[PDB]
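Undergrad: The opening residue of the first sequence carries number 325 in my numbering; numbering runs sequentially from there. No residue lacks a Cβ here, since even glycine has one placed at the ideal position from N, Cα and C. Please read through the structure below; I'll follow up with questions.
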Amino acid sequence: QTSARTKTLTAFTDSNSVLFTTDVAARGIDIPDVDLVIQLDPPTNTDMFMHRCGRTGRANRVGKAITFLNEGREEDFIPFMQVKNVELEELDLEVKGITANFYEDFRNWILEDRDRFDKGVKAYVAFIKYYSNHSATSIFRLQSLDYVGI
RNA sequence: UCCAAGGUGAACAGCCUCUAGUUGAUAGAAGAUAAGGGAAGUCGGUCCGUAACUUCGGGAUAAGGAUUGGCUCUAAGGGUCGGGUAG
């Protein structure tokens, strides 16, 4: 609802805060003091990519943008951005804290309420449909998608 | 000069019939084929076996035997009601 969106945006704009948002906030709106931008997946269209990581860097401020790749066709996204005059420097991040039970923890938390199971399966299917409507078909292939991994 | 059924034909045609008309016309009796030769003649010789397809609407939303749940932003998505502890 519009009122809830306005209230959430004005609470976030007003102390260290993390925002889980779709492409609604990607373009146009300016939240000051935003340091880090993470794109858990590359966008459906690449034109919006520059907007999603564009919320930072105002007045050459020290801000970082990070993106995540699926290891299968990751060799095509970087040159695609390079042709569009965008250079993505590879970053190596250690997967800390995953010694044991992360997927087990997720699974046993899903088993508590069937609503959680429904929301998870619905989100997975929605992501599959979202990946189906992807530009640059060669880069993002449905066949090469890691269905079990997702 | 007017009216004008049906079925086969599956090529106008021809053939057969329904409704409706005829039995009229002196009566009785008693073209085809061919063995061998081949112009020697005369002026002149549609139906059985395959495969892909293939008609109308209504549906919108990735499918339509399966465990259906299916993208981002963007008008509306039936009405109403309901929030704590203390003085």
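(1) Report the three-state DSSP secondary structure of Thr391 (helix, strand or coil).
(2) If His458 and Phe464 are in contact, beta carbons under 8 Å, what's the gap, nearest whole angstrom?
(3) Over what stretch of residues does the beta strand (DSSP E) that includes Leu435 continue unbroken?
(4) Could you check the C-alpha separation between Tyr448 and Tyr455 for me, to the nearest Å?
(5) Would you call the region 427–446 in contact with the region 370–378, where contact means no fewer than 3 C-beta pairs closer than 8 Å?
(6) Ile402 to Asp347, Cα distance in whole Å?
(7) Just the C-alpha distance for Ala349 and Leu360, rounded to the nearest angstrom, thanks.
(8) Can you tell me the Cα-Cα spacing of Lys420 and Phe426, whole angstroms?
(9) Measuring straight from C-alpha to C-alpha, what distance separates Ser341 and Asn384?
TA: Let me spell this out:
(1) Looking at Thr391 - three-state DSSP - the assignment turns out to be strand.
(2) 4 Å
(3) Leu435 -> no beta strand (DSSP E), and no H or E assigned at all.
(4) 11 Å
(5) no
(6) 21 Å
(7) 14 Å
(8) 11 Å
(9) 21 Å
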